[PDB]
Amino acid sequence: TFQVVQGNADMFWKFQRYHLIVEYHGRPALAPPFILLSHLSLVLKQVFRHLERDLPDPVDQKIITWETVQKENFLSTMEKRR
Amino acid sequence: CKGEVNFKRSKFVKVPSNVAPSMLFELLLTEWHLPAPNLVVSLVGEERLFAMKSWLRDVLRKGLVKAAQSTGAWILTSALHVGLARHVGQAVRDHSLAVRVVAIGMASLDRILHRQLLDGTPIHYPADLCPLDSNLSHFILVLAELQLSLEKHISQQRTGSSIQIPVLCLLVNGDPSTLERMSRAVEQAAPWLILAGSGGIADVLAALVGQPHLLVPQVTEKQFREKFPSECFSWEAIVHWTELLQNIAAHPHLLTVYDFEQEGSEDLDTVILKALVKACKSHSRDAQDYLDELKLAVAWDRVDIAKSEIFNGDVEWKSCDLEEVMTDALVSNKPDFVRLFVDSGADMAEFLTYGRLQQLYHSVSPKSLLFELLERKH
Ligand SMILES: [Ca+2]
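Residues numbered from 1 in each chain as written, not as in the entry; some residues may be left out. Chains lettered and ligands numbered in written order. Part of a larger assembly, values for the part shown. Heavy atoms only, no water. Residues with missing side-chain atoms left out of burial classes, pairs and counts.

### Focus on the overall build of chain B
Condition: Numbering of helices and strands runs from the N terminus, with a helix taken as a DSSP run of H or I at least four residues long and a strand as a DSSP run of E at least two residues long. Using C-alpha atoms as the atom set, the radius of gyration is obtained and then compared with a globule rule of 2.2 Å times the number of residues to the power 0.38.
Helix and strand counts for chain B come out as 17 helices and 10 strands. Taking 21 Å as the expected radius of gyration for a compact globule of 378 residues, we find that chain B reaches 23 Å, a close match to that expectation.

Below is the structure:
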């Protein structure tokens, strides 16, 4: 079970770490007793009115092409090793 | 008359024939601020009739230019025509998008379309006689005499520490007329490399460099009848081209024919370096004359050839002249060459003095950690 954990649950630990990271990222600064101000402020702003961000055409296109070249190099290397 | 076309602004210089080549080369270098070339190769074939096979495209462009992107060179590709020219041009641009390789387009001003509009400051060139490419970034607008004399000038000027500039010619399935363009080229002392499977005049040439009687009274007629048979030829025309071939084949050292489809194990850089050394053998056996080619080997990391051909025992090397190439091998951290140079006669006892060591330490790559450590300490 340990040994199973040495592989798979160690991976889970990392999985758990990632989940925690995202959870805390979404939290605001105020503590449990102070949330009564941040939630209220957010609701007021909504009533009044990161990862997602992406680049422009030019910038991105270079990235896509670069990734393509990387994939080609990877495949050629695999063939050479074959 | 230098100008620029803002399409991607590309410079162009209009030059008549018989112009002093020296002035042209100097204007190029200064006004365009182009780096000194460690190699120049001149294309000799453009026939849009026959497409490029796989075995040709893959090696010729990918495997050659990907390697040449480490040392850089010049490409004397003919512009204002439809052919592999635009292929090579866009290939260099796509490779640069991911030391540089550039292409220089030279062509006669008469065959271009909309030449009066250019003659009379970006002259707008939207074209639907043959139109001109908008990929190549430079133009030398006029022509075979100019190409020959410019090759003779480049193969002579010493840009070195006094090193030469290697020149090579690449014949790719050309038309019969190029025969003349090649004939005087043998007098110009520049090694030719002929691709045996190209499919133009390169085919008949590859066939007829080796014969029992190299004289071709009528076997040349047989070959010309075999390949590209759509064009009929007069016997009076042949009786001259056969003499042209009988003269060309009288200098075996310069030209080298090679076949890629049979066994493509030898990449292009290998045969290029082999032909360059074979040609430089016949000229002279001095220590300095071998340097340029040798430097190219260091850029290709080809120890076996440099050992077999250069260090065979012909050229007597001394410890005085290996210093430059030794520093070049150290800075580029190619250790398979440092051992070879040490064994060839160089000594670390008298070469390494505190000044040389300071120069070596100055050459640390700015990105590395030791660089920042020393800079912070200073
Ligand atoms: Ca040389």
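### Description of the packing of helix α2 (residues 54-68) of chain B against helix α3 (residues 84-97) of chain B
Residue and element names in this part refer to chain B. Short version of the rule: To obtain an axis, a line is fitted to C-alpha atoms, over the contacting stretch when the element is a helix, and the angle between two such axes runs from 0 to 180 degrees between their N-to-C directions. Throughout this description, any angle smaller than 35 degrees is read as roughly parallel, any larger than 145 degrees as roughly antiparallel, any in the 65 to 115 degree range as roughly perpendicular, and the remainder as oblique. When the near helix sits turned anticlockwise from the far one by under a right angle, the crossing is termed left-handed; a clockwise turn instead gives a right-handed crossing. Contacts are assigned to residue pairs that have any heavy atoms within 4.5 Å of one another. Side-chain classes are defined by residue name, with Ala, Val, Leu, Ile, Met, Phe, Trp, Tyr, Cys and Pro counting as nonpolar, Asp, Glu, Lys and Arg as charged, and the others, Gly among them, as polar.
For the pair α2 and α3, the least separation of the axes is 11 Å and the interaxial angle reads 40 degrees. Our classification of the angle between α2 and α3 gives oblique. Judged by the twist between their axes, the crossing of α2 over α3 is right-handed. Counting all contacts with α2, which are made through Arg-61, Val-65 and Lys-66, the residues of α3 involved are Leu-84, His-87, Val-88, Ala-91 and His-95. Tallied by class, the residues present in the contact of α2 with α3 amount to four nonpolar, two polar and two charged.

### Structural notes on the sheet that holds strand β8 (residues 167-171) of chain B
Residue and element names in this part refer to chain B. For clarity, the threshold we go by: A pair of strands is considered paired only if DSSP assigns at least 2 bridges between the two.
The strand order β5-β4-β3-β8-β9-β10 describes an open sheet built from six strands, whose pairing is parallel. For this open sheet the edge positions go to β5 (101-103) and β10 (256-258), each flanked by a neighbour on one side alone. For this sheet, the mean inter-axis angle between neighbouring strands, taken without regard to orientation, is 20 degrees. Of the strand pairs in this sheet, β8 and strand β9 (residues 192-195) are connected by three bridges, and their pairing is parallel.

### A short note on the pattern of salt bridges
Threshold: Any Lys or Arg side-chain nitrogen located within 4 Å of an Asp or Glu carboxyl oxygen qualifies as a salt bridge.
Where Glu23(A) meets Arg27(A), a salt bridge forms, and the shortest distance between an N and an O atom there is 3.1 Å. In this structure, the salt-bridge partner of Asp269(B) is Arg302(B), at a minimum N-O distance of 2.4 Å. In this pair, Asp269(B) is assigned in helix α10 (residues 268-283) and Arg302(B) in the loop between α11 (291-300) and α12 (303-308), connecting sequence segments 33 residues apart.

### Brief notes about the packing of aromatic side chains
The following threshold applies: Centre distance within 6.5 Å is the pairing criterion for rings of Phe, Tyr and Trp, where only the six-membered ring of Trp is used; planes under 30 degrees apart are then read as stacked, over 60 as edge-to-face, and the remainder as tilted.
Relative to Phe228(B), the ring of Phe224(B) lies with its centre 5.9 Å away and its plane at 70 degrees, an arrangement referred to as edge-to-face. What links up through ring pairs into an aromatic cluster is the set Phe224(B), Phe228(B), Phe233(B) and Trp241(B).

### Examining the environment of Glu221(B)
Residue and element names in this part refer to chain B. Its place among the elements puts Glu-221 in helix α8 (residues 219-226). Residues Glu-221 and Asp-347, 126 residues apart in the sequence, show an inter-C-alpha distance of 60 Å. Excluding residues within four positions of it along the chain, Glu-221 makes contact with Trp-235 and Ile-238.

### Re the sheet that holds strand β7 (residues 138-141) of chain B
Residues and elements named next belong to chain B. Here we have four strands laid out as an open sheet, ordered β1-β2-β7-β6, and mixed in their pairing. The outermost strands of the open sheet, each flanked by one partner alone, are β1 (2-6) and β6 (105-107). This sheet shows a mean twist of 25 degrees between the axes of neighbouring strands, independent of strand direction. Strand direction decides the pairing type here: β6 and β7, joined by three bridges, are parallel. Residue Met-106 lies in a different strand from β7, and its bridge partner there is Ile-140.

### Let's talk about the pairing of β7(B)
Here strand β2 (residues 9-14) of chain B runs beside β7(B); their pairing, made up of four bridges, is parallel. From the neighbouring strand, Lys14(B) faces β7(B), where its bridge partner is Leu141(B).

### What about unusual backbone geometry?
All names here are of chain B. Even without being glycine, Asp-301 reaches a positive phi, approximately 60 degrees. One non-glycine residue, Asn-333, adopts positive backbone phi at about 45 degrees. As for its placement among the helices and strands, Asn-333 is situated in the loop between α13 (323-331) and α14 (335-344).

### What to know about the packing of α13(B) against α14(B)
Residues and elements named next belong to chain B. The N-to-C vectors of α13 and α14 enclose an angle of 155 degrees; their axes lie 9 Å apart at closest approach. Classified by the interaxial angle, the pair formed by α13 and α14 is roughly antiparallel. Note on packing geometry: the crossing formed by α13 with α14 is left-handed. Contacts between α13 and α14 involve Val-325, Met-326, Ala-329 and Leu-330 on the former and, on the latter, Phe-337, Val-338, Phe-341 and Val-342.

### Topic: the environment of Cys169(B)
Residue and element names in this part refer to chain B. Structurally, the position occupied by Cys-169 is in strand β8. Residues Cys-169 and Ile-194, 25 residues apart in the sequence, show an inter-C-alpha distance of 8.4 Å. The residues contacting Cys-169, other than those within four sequence positions of it, are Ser-42, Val-44, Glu-151, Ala-190, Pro-191, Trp-192 and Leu-193.

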